[PDB]
């Protein structure tokens, strides 16, 4: 499953990359995209989840389960 590593980016850089990664994932015809943002302060997770709520390319999203990244990865189901 396509995964983009956003760890180490500011919120602004991370959101710019998320926008690009969603564009590319839909361009490629992918059903799912993993956003590896890590845990830490949670600032990336929170900002990314809110961006995804507003994003018309997204069908649904959720934290990865424990053992697959947990709350450090947001798993995105893309609109076809």
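Numbering follows the first chain given and starts at 1.
- The stretch with the higher mean CA B factor, choosing between 23 to 31 and 40 to 48, is 23 to 31.
- In this PDB entry, residue 1 carries a Cα temperature factor that places it within the highest third of its chain's modelled residues.
- When the modelled residues of the chain are ordered by C-alpha B-factor, residue 59 sits in the highest third.
- Residue 66: CA B factor lies in the highest third for its chain, per the PDB record.
- Sort the modelled residues of the chain by CA B factor and residue 76 lands in the lowest third.
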